[PDB]
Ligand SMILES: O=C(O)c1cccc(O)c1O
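Single chain ahead, written as structure tokens, the form solved without the ligand.
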């Protein structure tokens, strides 16, 4: 998959799946800009922009400055997200509000500031990282899953709005992936693969959890010309755990 001479923006690029994705686009030849609240690495193989995607004002300013200098935004990837766990009636009011401000509002803010660019240029691809928790209820993750189901719906309607401009808009829904967000919760991995029948959580038929590169490669496929007739789709990347749900 050859992205030479394409401008690619990736949110959540300071680490994890967002980092892996931005690096994969660099490895594919793209001119990559990463966006994140914090870049704690000593060096990044791409341009980096400090941005709190939940802050509508900050997103308008950064997008306006950058969009001045580029003719074309070839790929937007929304991968910024936070995970706040809890029984629904124990989750704090801050955890609720921040979950939705970031996981839905972030993409909303980026969409509000980039859709005109996508309409003007007449093409491009958007890939949004949802989650398997948007596909199946998960004990402890009611808010997280709800925010990711709202993100998915928003991205699909934005895809429908932009389809007349030739823009393709798709999603990837990872299952458990080896990143910082997952390590916070070391037999945990084998037990995830096995499942928790007591929590109605299916094991992983493929017998392993995901690598961030395995999510990245799916994003690149959907962003690429190989997927030139794919839009409004959501690929679950989870070793079969949701059984196709």
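Think of the rigid core as the biggest set of C-alphas that the two forms share within 1.5 Å after superposition. Only residues modelled in both forms are compared. Numbering follows the first chain given and starts at 1.
Participant: Do a third or more of the other compared entries leave residue 181 out of the model?
Facilitator: Yes, a third or more of the compared structures omit it.
Participant: Find out whether the coordinates of residue 192 are absent in at least a third of the other compared PDB entries of the same protein.
Facilitator: Across the other compared entries, residue 192 is absent from at least a third.
Participant: Please count the deposited residues lying between residue 185 and residue 186 that the model leaves without coordinates, and give the class: none, 1 to 3, 4 to 9, or 10 or more.
Facilitator: 1 to 3 residues are missing.
Participant: According to the deposited model, is the average Cα temperature factor higher in 68 to 76 or in 137 to 145?
Facilitator: If you average the C-alpha B-factors of 68 to 76 and of 137 to 145, the larger mean comes out for 68 to 76.
Participant: Taking the mean of the C-alpha B-factors per stretch from the entry, tell me the winner out of 44 to 52 and 175 to 183.
Facilitator: The recorded data point to 175 to 183.
Participant: If you rank the chain by CA B-factor, which third does residue 84 end up in: lowest, middle or highest?
Facilitator: Residue 84: CA B-factor falls in the middle third of its chain.
Participant: In terms of the CA temperature factor given in the entry, to which third of its chain does residue 165 belong: lowest, middle or highest?
Facilitator: As the PDB entry reports it, the C-alpha B-factor of residue 165 lands in the highest third of its chain.
Participant: Sorting by Cα B-factor within the chain, modelled residues only, which third would residue 114 end up in: lowest, middle or highest?
Facilitator: Middle third by C-alpha B-factor.
Participant: Going by what the PDB entry lists, where does residue 190 fall on CA B-factor within its chain: lowest, middle or highest third?
Facilitator: According to the entry, residue 190 has a C-alpha B-factor in the chain's highest third.
Participant: Split the chain's modelled residues into thirds by Cα B-factor; is residue 219 in the lowest, middle or highest one?
Facilitator: Residue 219: CA B-factor falls in the lowest third of its chain.
The following text describes the form deposited with the ligand bound, which does not appear among the structures shown.
Participant: Is there a heavy atom of residue 31 lying 4.5 Å or less from a heavy atom of the ligand in the deposited complex?
Facilitator: Although the ligand is absent here, residue 31 would stay clear of it in the deposited complex, with no heavy atoms inside 4.5 Å.
Participant: Should residue 43 be classed as touching the ligand in the deposited complex when contacts are defined as heavy atoms within 4.5 Å?
Facilitator: No, residue 43 stays farther than 4.5 Å from the ligand in the deposited complex.
Participant: Can any non-hydrogen atom of residue 235 be found within 4.5 angstroms of the ligand in the deposited complex?
Facilitator: So residue 235 does not count as contacting the ligand.
Participant: Though only this chain appears here, would residue 226 touch the ligand in the deposited complex if you measure heavy atom gaps against 4.5 Å?
Facilitator: Looking in the deposited complex, residue contacts with the ligand include residue 226, since a heavy atom lies within 4.5 Å.
Participant: From first to last in sequence, which residues of 1 to 39 have any non-hydrogen atom within 4.5 angstroms of the ligand in the deposited complex?
Facilitator: Heavy-atom contacts within 4.5 Å come from 1 alone.
Participant: After the core superposition, state the residue ranges of at least 3 consecutive residues in which each CA shifts by 2 Å or more between this form and the one not shown.
Facilitator: Run with every C-alpha shifted by at least 2 Å: 203 to 205, nothing else.
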